[PDB]
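**Student:** Got a sequence here, can you build the structure:
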Amino acid sequence: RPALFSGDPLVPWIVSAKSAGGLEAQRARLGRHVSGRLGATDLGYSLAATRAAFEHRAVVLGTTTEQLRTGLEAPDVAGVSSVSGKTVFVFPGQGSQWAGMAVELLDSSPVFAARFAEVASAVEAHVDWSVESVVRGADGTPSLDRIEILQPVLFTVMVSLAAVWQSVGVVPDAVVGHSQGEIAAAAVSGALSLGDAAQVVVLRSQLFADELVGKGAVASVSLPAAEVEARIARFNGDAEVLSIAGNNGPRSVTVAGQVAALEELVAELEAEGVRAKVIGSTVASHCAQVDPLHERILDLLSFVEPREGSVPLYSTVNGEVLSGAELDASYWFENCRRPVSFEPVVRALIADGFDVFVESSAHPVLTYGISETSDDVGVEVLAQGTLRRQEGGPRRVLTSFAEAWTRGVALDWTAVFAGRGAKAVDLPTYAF
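**Tutor:** Numbering: from 1, shown residues only. The protein structure is shown below:
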């Protein structure tokens, strides 16, 4: 009963028809209708409540009915309904973050803010700062570039973003996480209590702040695993210095290890035109650097009481379909020690009849890998992000909703209008 949006955000006008020309005709008939009379938000509500959703779809965004009438000439999002399978929520690790993320959504979405408050309370049982204050960059707060601050803030943001989708009826049939993302995935599936998940992400990230910062990091590299193996061998003659930390798609991997070596590899790769980058604030998890921490991790996380969740969790640690009851301290050690097997799990999801992948994150980091993998398997899927860097408010949310819905995702657009005081108004008949 918190509304999705408060105040006076922009409005969506959703339109659909049975062909490309029919959708052009509907847009033209609406334009004429509006020119010749009408409240922007009443029309949006009416389009959402009173029209069938046919195959060819568009969404226009704006505030005034002039803006929205003008926009029918060039809708913000258009597509053709194509998905027909199950929905999995995707929770990435580090790489999502951007300066100022979540602030505008806290201010503009009561659904997001409410969930963010619940989850923040859970993490604040274990830290002495305020998650909201840190997110808002309040004076005196600790830096979000610190790993022990960032991971619990990312956790809070990813879990709370799943509630925004939930408010328009888009919910996971399964969940998949990447590295620390699995802790958010477990919180969403109910495999861990909010308290336990929060405490895991706080304590583990603090341990990493204490023992791994400066000793290593992780980089993304847009090459196939085999090619990257060939390029790192020269570093590893004596001991493991660099190692593949993740497989994200057929041409997308991550590499963990010593910072100097990692930077040398990234610069070499860039000089040959390859996209590569050190991921902000990362340490060298997912390699042998975490072995010395094994005993400490089991002691730190022994409190955890995992249980069978609402919805399965597709592990990127062991490639199993898990109930959630398995996610004990030993699991959370393996989660930070083993390379992330994300690409094989995407394959398995597609084979299990998933074709809607919703990345519940501040900036889409695994959607590219999901599409690339789906292309390799030869199956079309929707890989949809939530927010994006410097796009943090209602336009971005509505745009992501439109991107999903125009591709066939069932979405309850009527819920967007909660609290706006809208009413049904006359609309042109679908045909004369």
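**Student:** Who are the contact partners of residue 190?
**Tutor:** 307, 309-311, 324 (C-beta atoms under 8 Å, 6 or more residues apart in numbering). No exception for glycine: its C-beta is placed from N, CA and C like everyone else's.
**Student:** Go again with 10 Å.
**Tutor:** 175, 197, 307-311, 313, 324 (C-beta atoms under 10 Å, 6 or more residues apart in numbering).
**Student:** Buried subset of those residues, written for PyMOL?
**Tutor:** Of these, the buried ones can be selected in PyMOL as follows, counting by 16 or more other C-beta atoms under 10 Å:
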select buried, resi 175+197+309+311+313+324
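**Student:** Next step: the contacts of residue 190 restricted to helices.
**Tutor:** residue 197 (DSSP state H).
**Student:** list the buried ones in stretch 205-214?
**Tutor:** For stretch 205-214, burial by neighbour count (16+ other C-beta under 10 Å) applies to 205-209, 212-213.
**Student:** Redo the residues you listed as a markdown table? Include distance to residue 143.
**Tutor:** Shown next, in a markdown table, are the buried residues of stretch 205-214 (distance: C-beta to C-beta, whole Å):
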| residue | distance to residue 143 |
| --- | --- |
| 205 | 14 |
| 206 | 15 |
| 207 | 19 |
| 208 | 15 |
| 209 | 12 |
| 212 | 17 |
| 213 | 13 |
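**Student:** now, which of those residues sits nearest residue 332?
**Tutor:** Of all these, residue 207 has the smallest distance to residue 332: 11.0 Å, by C-beta to C-beta.
**Student:** What helix or strand is that closest one located in?
**Tutor:** Element membership for residue 207 (DSSP states H and E) is helix 194-211.
**Student:** With just CA atoms, put that helix into PDB.
**Tutor:** The C-alpha trace of helix 194-211 is given here as PDB (Å, rounded to 0.1, in the frame of the first residue of the first chain):
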ATOM      1  CA  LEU A 194      17.000 -10.500   6.100                       C
ATOM      2  CA  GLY A 195      19.000 -10.300   9.300                       C
ATOM      3  CA  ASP A 196      21.200 -13.300   8.400                       C
ATOM      4  CA  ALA A 197      21.800 -12.000   4.800                       C
ATOM      5  CA  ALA A 198      22.600  -8.600   6.100                       C
ATOM      6  CA  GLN A 199      25.000  -9.900   8.600                       C
ATOM      7  CA  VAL A 200      26.800 -12.100   6.000                       C
ATOM      8  CA  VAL A 201      27.400  -9.200   3.700                       C
ATOM      9  CA  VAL A 202      28.600  -6.900   6.500                       C
ATOM     10  CA  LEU A 203      31.000  -9.300   8.100                       C
ATOM     11  CA  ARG A 204      32.400 -10.800   4.900                       C
ATOM     12  CA  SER A 205      33.000  -7.400   3.400                       C
ATOM     13  CA  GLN A 206      34.600  -6.100   6.600                       C
ATOM     14  CA  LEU A 207      37.000  -9.200   6.600                       C
ATOM     15  CA  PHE A 208      38.000  -8.400   3.100                       C
ATOM     16  CA  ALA A 209      38.600  -4.700   4.000                       C
ATOM     17  CA  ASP A 210      40.800  -5.900   6.800                       C
ATOM     18  CA  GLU A 211      42.900  -8.500   4.900                       C
END
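**Student:** Partner strands of the helix or strand just after it and their direction?
**Tutor:** Counting by DSSP H and E, the next helix or strand C-terminal to helix 194-211 is strand 217-221. If you go by DSSP bridges, strand 217-221 pairs up with strand 252-257 (antiparallel), strand 276-278 (antiparallel).
**Student:** Go through those strands and pick out the most buried.
**Tutor:** strand 252-257 (a mean of 27; mean count of other C-beta atoms under 10 Å).
**Student:** from the chain's centre, how far out does that one sit?
**Tutor:** Taking C-alpha atoms, centre = their mean, to the nearest Å, one finds the center of strand 252-257 at 20 Å from the center of the full chain.
**Student:** what's the answer for stretch 112-121, then?
**Tutor:** 17 Å.
**Student:** Can you give me the neighbour number for residue 356?
**Tutor:** Close neighbours of residue 356, defined as other C-beta atoms under 10 Å, add up to 23.
**Student:** I'd guessed residue 89 sits against residue 186; true?
**Tutor:** No - judged on C-beta atoms under 10 Å, residue 89 makes no contact with residue 186 at a distance of 11.7 Å.
**Student:** Since that was my last question, I'll sign off now.
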